[PDB]
Number of protein chains: 2
Amino acid sequence: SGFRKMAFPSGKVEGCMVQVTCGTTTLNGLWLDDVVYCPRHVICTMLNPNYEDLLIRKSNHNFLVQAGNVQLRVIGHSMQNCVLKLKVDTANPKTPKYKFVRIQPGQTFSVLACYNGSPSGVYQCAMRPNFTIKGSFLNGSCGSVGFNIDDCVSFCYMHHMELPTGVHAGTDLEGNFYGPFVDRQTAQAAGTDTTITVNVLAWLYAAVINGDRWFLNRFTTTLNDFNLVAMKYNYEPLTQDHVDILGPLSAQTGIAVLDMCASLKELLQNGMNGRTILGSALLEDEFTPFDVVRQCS
Amino acid sequence: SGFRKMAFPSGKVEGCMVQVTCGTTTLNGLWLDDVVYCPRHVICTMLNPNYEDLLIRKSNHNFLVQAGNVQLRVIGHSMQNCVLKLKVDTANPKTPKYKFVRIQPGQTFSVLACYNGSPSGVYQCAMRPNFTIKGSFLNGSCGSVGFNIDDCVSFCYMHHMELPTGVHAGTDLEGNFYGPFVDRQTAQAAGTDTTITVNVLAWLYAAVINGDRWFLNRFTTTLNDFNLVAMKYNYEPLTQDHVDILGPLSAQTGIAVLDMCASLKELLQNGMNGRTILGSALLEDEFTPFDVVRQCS
Ligand SMILES: CC(C)(O)CCOc1cc(Cl)cc(-c2cc(-c3c[nH]c(=O)[nH]c3=O)cn(-c3cccnc3)c2=O)c1
Ligand SMILES: CC(C)(O)CCOc1cc(Cl)cc(-c2cc(-c3c[nH]c(=O)[nH]c3=O)cn(-c3cccnc3)c2=O)c1
């Protein structure tokens, strides 16, 4: 019993974190086999930088990579989109089985926050519909990575910058930003966000699995009638694919997806009336259906 | 910016988790140097067991310890309070610098949930005033450990059982239960719980550090007048030691502890009136002052 915002065990990623210094700028890098990945803005000093120019002016010896108390030698350097790739002379002996994946909004992942190549903590978050994440990051955290584990680590996020609202923007491990953001200091704000409906429904199923039933009712709704209410409350539309994804949870609890939608409609219209669900006073949308099944099963 | 329920990086503990099987019972063990620690109820089959008797009847060969895909040989076995200590023939080469600590209620720690010796996820929780924890644990999780890191891992919790309310009870790593619980199936319920006042105040300071100020006011209260309101709302008394502990956060924000207490009093008396703090609709009490400073600094 119980339901917690649970991260993946971080050991396999801890063994990959390094420090990358370029001049007076230090941030984190990800060391896999004989390559170190880090945000390319480590080469900046930049309202509007030309990274091609900045990199032409660098030599391998301008890059100091530290793995623990050991200096790695840079033997090559290239740029892929917004990531710098530093070839080093020694392969990381702790490289896990891994792949790089670009996630869809609404998907969750674990973040290993690091400073100076040293992991500080681990937490769970979601890619918001507006392609920001609500992380916890201070100066020096750039290059910290987000990931899921399946013995295979799927890296999906590298941290690059904090937006003015205090939310966070970054890239896949090929250097492509999530969202419309660019790695320079200019006026860029997150778009308006929405709530991840399928995740809220997943979390209500988690609550039932854990004995919270007070929000259930005998009514059902049509997908169309539900999505009409969703839009009024700034929730993402629910698709038939979402319904199918919730299938296993609907079967384990015996509550049809469209029956749970009638619960969610009631909750949106009347609030909780002073009650809580899994210890929360608001509707939680950063657990995926997969997250529920993993933790409740 | 941002504030998240953050766990310690789990790698140093992952390397210590093993599987302990005794007959048809399998649970998790903690392998440090040449000893494996696990809950002694692994030797049970038990409304009222006599563990001294059950252990006399065992031999080393009745204990199957598996570290990954390798069998460790048990060469000795003893019982300390409610923990079994299994001496094995090979020292764990991944043993971190570590110590065993018994924490006070209100302190937080990271849990590495494991099944069959294999880590499943990591989350943060607190020792509640009634000496239970609100964890996330399924059958087979017994022997999962709680810990803090300082390069030294301080183990503070080993999981033993789930209570009927869905909360969790266990021991320090010397086998002494937190709280009045015993490791057998009998009628034992958690005592009435209370809210950890100093932690709620810590979390309000975190909110100010992150730009939530709407709950602040110009008033101050006396420690005595505050504790009068605390008791009415089932909050732990605030002591001068708590006030002193909050010193650094009070200094960084320039808000006197007793000024923040007047905020907390208002919040207890009038609620949030539909507003949120650090993304929560209720007052959070599972961050210590130390947790705030670590994450905000
Ligand atoms: C355009 C916009 C988005 O509106 C305003 C911000 O614009 C940028 C653009 C770029 Cl290209 C980098 C950064 C940035 C740089 C650094 C950094 C600089 N120099 C170092 O030695 N080390 C660092 O870690 C840190 N953090 C940051 C701060 C807090 C949380 N997360 C990230 C940053 O956010 C910001
Ligand atoms: C007296 C009281 C507290 O009121 C009722 C419960 O009483 C006990 C007493 C003891 Cl001594 C053990 C357990 C228990 C045993 C096991 C277990 C048994 N056999 C195995 O092969 N493996 C196991 O993992 C598991 N979980 C458990 C379940 C869910 C979450 N956390 C723990 C358990 O809670 C419960």
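Residues numbered from 1 in each chain as written, not as in the entry; some residues may be left out. Chains lettered and ligands numbered in written order. Heavy atoms only, no water.

- The record names X-ray crystallography as the way this model was obtained, at a resolution of 1.7900 Å.

- The name that the PDB entry assigns to chain A is 3C-like proteinase, with the source organism given as Severe acute respiratory syndrome coronavirus 2.

### Considerations on helix α8 (residues 289-296) of chain B
Line of reasoning, step 1. Counting buried positions along α8(B) yields six of eight residues, so the element is predominantly enclosed.
Line of reasoning, step 2. Regarding α8(B), the residues found buried are B:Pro289, B:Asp291, B:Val292, B:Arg294, B:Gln295 and B:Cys296.
Line of reasoning, step 3. Buried residues along α8(B) sit in contact with β10 (118-126) of chain A together with β9 (108-115), β10 (118-126), α3 (197-209), α5 (240-245) and α6 (247-253) of chain B. (Buried < 20%, exposed > 50% of the residue type's maximum accessible area, 1.4 Å probe, protein only. Helix = DSSP H or I, 4+ residues; strand = E, 2+ residues; numbered from the N terminus. Contact = heavy atoms within 4.5 Å.)

### Some thoughts on the interface of chain A and chain B
Line of reasoning, step 1. Between chain A and chain B, the contact holds 39 residues from the first and 39 residues from the second.
Line of reasoning, step 2. In total, about 2,600 Å² of surface goes out of reach between chain A and chain B, with carbon and sulfur atoms giving 50% of it.
Line of reasoning, step 3. Among the residues of chain A in contact with chain B, A:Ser1, A:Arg4 and A:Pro9 are the three that bury the most area, contributing 27% of the side total.
Line of reasoning, step 4. The tally of links from chain A across to chain B stands at two salt bridges.
Line of reasoning, step 5. In this structure, A:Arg4 and B:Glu286 form a salt bridge, with 2.8 Å as the shortest nitrogen-oxygen distance.
Line of reasoning, step 6. Here chain A and chain B share 25 residue pairs in polar contact between them.
Line of reasoning, step 7. Counting only elements with at least two residues in the side of chain A that touches chain B, the list comes to α1 (11-14), β10 and α8 (289-296) of chain A. (Buried area = accessible area lost by both parts, 1.4 Å probe. Salt bridge = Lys/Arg side-chain N within 4 Å of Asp/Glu carboxyl O. Polar contact = N/O pair within 3.5 Å; in protein donor to acceptor, adjacent residues only side chain to side chain.)

### Digging into the domain arrangement of chain A
Line of reasoning, step 1. Taken domain by domain, chain A comprises domain 1 (11-88) and domain 2 (197-296).
Line of reasoning, step 2. Distance between the C-alpha centres of domain 1 of chain A and domain 2 of chain A: 44 Å. (Domains from an automatic or database assignment.)

### A short note on the site of ligand 2
All names here are of chain B.
Line of reasoning, step 1. Surrounding ligand 2, one finds 21 residues, the nearest of these being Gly 140, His 159, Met 161, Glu 162 and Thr 186.
Line of reasoning, step 2. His 159 has a polar side-chain atom sitting 2.9 Å from a nitrogen atom of ligand 2.
Line of reasoning, step 3. In the complex, the protein chains occlude 81% of the 730 Å² of accessible area that ligand 2 would expose alone.
Line of reasoning, step 4. Elements that contribute at least two residues to the shell around ligand 2 include exactly β2 (25-32) and β12 (153-162).
Line of reasoning, step 5. It is β12 that contributes the most residues to the shell around ligand 2, four residues altogether.
Line of reasoning, step 6. Per-class residue counts for the shell around ligand 2 are seven nonpolar, 11 polar and three charged. (Near = heavy atom within 4 Å. Areas by Shrake-Rupley, 256 points an atom, 1.4 Å probe, with all protein chains shown as cover. Nonpolar A, V, L, I, M, F, W, Y, C, P; charged D, E, K, R; others polar.)

### Looking at the packing of helix α3 (residues 197-209) of chain A against α8(A)
Residues and elements named next belong to chain A.
Line of reasoning, step 1. Put simply, α3 and α8 touch, their axes get as near as 8 Å, and they point 20° apart. One element, α3, and the other, α8, form an angle in the roughly parallel class. In terms of crossing hand, the pair formed by α3 and α8 is right-handed. Taking contact as the criterion, the partners of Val 198, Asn 199, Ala 202, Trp 203, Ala 206 and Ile 209 in α3 are, on α8, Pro 289, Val 292 and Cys 296.
Line of reasoning, step 2. Class assignment for the residues of the contact of α3 with α8 results in eight nonpolar, one polar and no charged. (Axes fitted to C-alpha atoms, helices over the stretch in contact; angles between N-to-C directions. Parallel < 35°, antiparallel > 145°, perpendicular 65-115°, else oblique. Left-handed = near helix turned anticlockwise from the far one by under 90°.)

### Structural notes on the relation of the copies chain A and chain B
Line of reasoning, step 1. Note on the identical chains: chain A maps onto chain B by a rotation of 180° and an axial translation of 0.0 Å, with an RMSD of 0.0 Å. What we have between these two chains is a two-fold relation. Relative to the rotation axis, the C-alpha of A:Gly11 is the closest in chain A, positioned 1.8 Å from it.
Line of reasoning, step 2. When the interface residues of chain A are mapped onto chain B, 100% of them again fall at the interface, so both copies present the same face. (Least-squares fit on C-alpha atoms.)

### As for the site of ligand 1
Residue and element names in this part refer to chain A.
Line of reasoning, step 1. Neighbouring residues of ligand 1: 21 residues in total, closest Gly 140, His 159, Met 161, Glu 162 and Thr 186.
Line of reasoning, step 2. Contact between ligand 1 and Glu 162: an oxygen atom at 2.7 Å from a main-chain N or O atom of the residue.
Line of reasoning, step 3. Protein chains bury 81% of the 730 Å² of accessible surface belonging to ligand 1 in isolation.
Line of reasoning, step 4. Secondary-structure elements contributing two or more residues to the shell around ligand 1 are β2 (25-32) and β12 (153-162).
Line of reasoning, step 5. The dominant element in the shell around ligand 1, judged by the number of residues it contributes, is β12, at four residues.
Line of reasoning, step 6. Broken down by class, the residue content of the shell around ligand 1 amounts to seven nonpolar, 11 polar and three charged.

### Here's the deal with the sheet that holds strand β5 (residues 70-72) of chain B
All names here are of chain B.
Line of reasoning, step 1. The sheet built from seven strands is open, its strands ordered β5-β4-β1-β2-β3-β7-β6 with antiparallel pairing. Of all strands in the sheet, those with a lone pairing partner are β5 and β6 (74-80), marking the two edges. Here the strands of the sheet are splayed against their neighbours by 30° on average, with no regard to which way each runs.
Line of reasoning, step 2. Bridge count for strand β3 (residues 35-39) against strand β7 (residues 83-88) is five bridges, and the pairing is antiparallel. Across the sheet, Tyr 37 pairs through a bridge with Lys 85, a residue of β7. (Pairing = 2+ DSSP bridges.)

### Concerning empty space enclosed by the protein
Line of reasoning, step 1. Counted as a void, the largest cavity has a volume near 40 Å³.
Line of reasoning, step 2. Tallying contributions element by element places α8(B) first for the lining of the largest cavity, with three residues.
Line of reasoning, step 3. Across the lining of the largest cavity, the residue classes tally to two nonpolar, two polar and five charged.
Line of reasoning, step 4. Here the second largest cavity defines a volume of roughly 30 Å³.
Line of reasoning, step 5. What lines the second largest cavity is A:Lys5, A:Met6, A:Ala7, A:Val122, A:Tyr123, A:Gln124, B:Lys5, B:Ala7, B:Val122, B:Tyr123 and B:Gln124.
Line of reasoning, step 6. Elements with a contribution of two residues or more to the lining of the second largest cavity: β10 of chain A together with β10 of chain B. (1 Å grid on protein atoms, 1.4 Å probe; cavity = no way out; pocket = protein on both sides within 12 Å on 5 of 7 lines; lining within 4 Å. Points joined across faces, edges and corners; volume = space filled by probe spheres on them.)

### Brief notes about the nonpolar core
Line of reasoning, step 1. Counting 40 residues, the largest nonpolar core has A:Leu30, A:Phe155, B:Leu30 and B:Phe155 as its most contacted members.
Line of reasoning, step 2. With residues up to four places along the chain from it excluded, the contact list for B:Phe155 reads B:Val13, B:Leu30, B:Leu32, B:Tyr98, B:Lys99, B:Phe100, B:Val101, B:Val145, B:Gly146, B:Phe147 and B:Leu173.
Line of reasoning, step 3. Counting residues in hydrophobic clusters, the runner-up holds 36 residues, among them A:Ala202, A:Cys261, A:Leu267 and A:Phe287. (Core = buried A, V, L, I, M, F, W, Y, C linked by side-chain atoms within 4.5 Å.)

### Brief notes about unusual backbone geometry
All names here are of chain B.
Line of reasoning, step 1. A positive phi angle is found at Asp 33, which is not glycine, with a value near 55°.
Line of reasoning, step 2. Relative to the assigned elements, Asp 33 resides in the loop between β2 and β3.
Line of reasoning, step 3. You can call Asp 33 partly exposed: its relative accessible area is 35%.

### A short note on the state of the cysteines
Line of reasoning, step 1. Under the defined criterion, the tally for this structure stands at zero disulfides over all chains.
Line of reasoning, step 2. Of all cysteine sulfurs in the structure, the one in A:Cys296 sits closest to A:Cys261, which takes part in no disulfide; the separation is 19 Å.
Line of reasoning, step 3. Looking at B:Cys156, it has no disulfide partner, and the nearest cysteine sulfur is the one in B:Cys125, 8.2 Å off. (Disulfide = S-S within 2.5 Å.)

### Digging into the environment of B:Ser297
Line of reasoning, step 1. Along the chain, B:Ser297 falls in the segment after α8.
Line of reasoning, step 2. B:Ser297 gets classed as exposed once you look at its relative accessible area, which sits at 57%.
Line of reasoning, step 3. Those residues in contact with B:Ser297, other than ones at most four positions away along the chain, are A:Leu138, B:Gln252 and B:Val292.
Line of reasoning, step 4. A distance of 2.8 Å separates the side chain of B:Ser297 from the backbone oxygen of B:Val293, its partner in a polar contact.

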